[PDB]
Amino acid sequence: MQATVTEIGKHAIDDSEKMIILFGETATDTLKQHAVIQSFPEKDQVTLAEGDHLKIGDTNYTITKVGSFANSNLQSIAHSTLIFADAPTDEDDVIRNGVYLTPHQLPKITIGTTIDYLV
């Protein structure tokens, strides 16, 4: 299933912050300034697991870890936290709806950018 970026908050993408928050449109305005907004029609069909892949625009990433709330949050309301780094060694520090990716190069996103959830 493929999702489409419709909005990008001014504080949503910063390379030094190897993290990008995804949200659906109905998320409060204040929050959307810190995230990339996606329209993900087939969202209820996705079940991410380590090994899967996310193609954001032109870069293909490999999911190395998934927080216990990543699948629930994404399937239900299209919300998630993309983390372009290695999962923490301490399980308690793992971001609940985190979807840890590799490579760590930050994606190139603009309005219209597509996110393919290749399970």
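The numbering used is simple: start at 1 and walk along the sequence shown.
Query raised in the report: Got a sec? Mean C-alpha B-factor, which is higher, 41-49 or 70-78?
Result: Higher mean C-alpha B-factor in the PDB entry: 41-49.
Query - Residue stretch of maximal mean CA temperature factor, 32-40 vs 85-93 - result: Looking at the record's C-alpha B-factors, the answer is 85-93.
Report task. Quick one: classify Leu106 as lowest, middle or highest third of the chain based on its Cα B-factor. Result -> Highest third of the chain for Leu106's C-alpha B-factor.
Report task. Place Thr62 in the lowest, middle or highest third of its chain's C-alpha B-factors, as listed in the PDB entry. Result -> Tercile = middle for this residue's CA B-factor.
Query raised in the report: Lowest, middle or highest third of the chain for the C-alpha temperature factor of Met19?
Result: Highest third, going by the recorded CA B-factors of the chain.
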